[PDB]
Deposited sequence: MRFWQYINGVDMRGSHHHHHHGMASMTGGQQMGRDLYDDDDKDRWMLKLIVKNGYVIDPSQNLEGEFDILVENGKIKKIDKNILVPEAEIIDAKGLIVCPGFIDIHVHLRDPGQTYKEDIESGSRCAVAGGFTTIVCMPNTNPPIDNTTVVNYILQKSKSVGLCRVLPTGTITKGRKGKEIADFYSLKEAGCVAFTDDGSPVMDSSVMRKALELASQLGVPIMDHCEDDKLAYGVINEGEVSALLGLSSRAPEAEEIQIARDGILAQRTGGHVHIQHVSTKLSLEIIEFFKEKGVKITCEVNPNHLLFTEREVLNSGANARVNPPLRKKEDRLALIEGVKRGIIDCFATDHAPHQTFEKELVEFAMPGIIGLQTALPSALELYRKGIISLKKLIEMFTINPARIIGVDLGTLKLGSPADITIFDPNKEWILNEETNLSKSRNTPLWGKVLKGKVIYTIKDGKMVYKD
């Protein structure tokens, strides 16, 4: 047993606290104890983070773990390993498993599997409708009480506006978001219903300038609408890039989508170097990049993660923004390989991931 850990010599960035600079972090018994220039205490393990960025552990709010149902493509274990290698300490799994996440048995399965794997926290979402069939609303209260943090029929958009409106009403009562998603009309419908219900809607896919302008319209009017983009897809790509620059897009989300034969691509391990390309091209600041992986996704799902506040669980990611590497058979932790980044030089690499004060990944 080791009780204390010092992360020394790193560049700490914690946007939730407007904190940034060359600081050490003292972790004691799994929680953040002190952040200061220079810390040294006896009987501590020391990580030397010189030349690295130290930030809250990343949160990935759109992952397909294919478990249950298609576990030859990915499973909770392999997806969890991809996630911590990518710097993520918390991942949110989508409910289009087989069977789908529409009852408490499936929720329990995912939570028990995740506890047995012991790498990142896996938060389940539930379906909006029973069987994702689009007709009959699921039991949100029971699903939420079992652990679901959001609801979506992901895979297939909810088509009936009356179903979406009911879901947003129930969601508003429970304080959780609905995740959704011809594109432009659906986003407008969701914003309008979010405004009328007081519900929070998260838009999972935006591909056009008009879509971004509509979202920004709703955000300016104070509607609880947020959206995401997959950094791996950024390299209407140019319109998306402007949306990121202007702050319309709240968060990066991988949409890790394992396949073995739009197209969905795997993404957990490459999210960071992809995002860092936007930083190197001057599209976003480093602080904004970290926000979009930490505090912003944390706020979208309403969890007290994505910070380095004192007393918080010590979920910490430590990365080298300039380290070149390649996603290939030597580094891939997924059961699938479906990404146009396969075999290409990436720049930016997680070096350590720490969850509850324990090193769960090391480069």
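- No C-alpha positions are given in the record for the deposited-sequence stretches 1 to 44, 226 to 253, 308 to 330, 357 to 365.
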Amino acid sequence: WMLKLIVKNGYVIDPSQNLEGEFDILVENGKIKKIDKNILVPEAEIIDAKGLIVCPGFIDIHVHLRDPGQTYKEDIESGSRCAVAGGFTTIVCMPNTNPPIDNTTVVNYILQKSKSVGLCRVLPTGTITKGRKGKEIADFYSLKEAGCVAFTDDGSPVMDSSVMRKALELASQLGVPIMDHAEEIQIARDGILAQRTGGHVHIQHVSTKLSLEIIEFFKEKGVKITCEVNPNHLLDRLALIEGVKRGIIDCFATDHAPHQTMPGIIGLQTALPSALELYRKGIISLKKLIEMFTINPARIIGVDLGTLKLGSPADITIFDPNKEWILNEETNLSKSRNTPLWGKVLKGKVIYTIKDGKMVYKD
From here on, numbers count along this sequence of modelled residues.
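Under this definition, the rigid core comprises the largest set of C-alpha atoms superposing within 1.5 Å between the forms.
- Stretch 156 to 164 is the one, of 156 to 164 and 109 to 117, whose CA positions lie farther from the shown form in 4 other deposited structures of this protein once all structures are superposed by the rigid core.
- Taking the root mean square of CA deviations in 4 other deposited structures of this protein after fitting on the rigid core, 195 to 203 and 236 to 244 differ, and the farther of the two is 236 to 244.
- Legend: mean Cα B-factor per stretch from the PDB entry, 123 to 131 versus 152 to 160; the higher mean is in 152 to 160.
- Taking the mean C-alpha B-factor of each stretch as recorded, 204 to 212 and 94 to 102 are not equal, and the higher mean is that of 204 to 212.
- Which of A275, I290, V176, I187 has the largest Cα B-factor in the deposited entry comes down to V176.
- When the Cα B-factors of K73, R237, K113, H256 are read from the PDB record, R237 comes out highest.
- For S312, the recorded CA B-factor ranks within the highest third of the chain. Only modelled residues enter the ranking.
- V360: CA B factor lies in the middle third for its chain, per the PDB record.
- Sort the modelled residues of the chain by CA B factor and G302 lands in the highest third.
- In the deposited entry, the Cα temperature factor of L19 sits in the top third of values across the chain's modelled residues.
- The deposited CA B-factor of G87 belongs to the lowest third of values across its chain.
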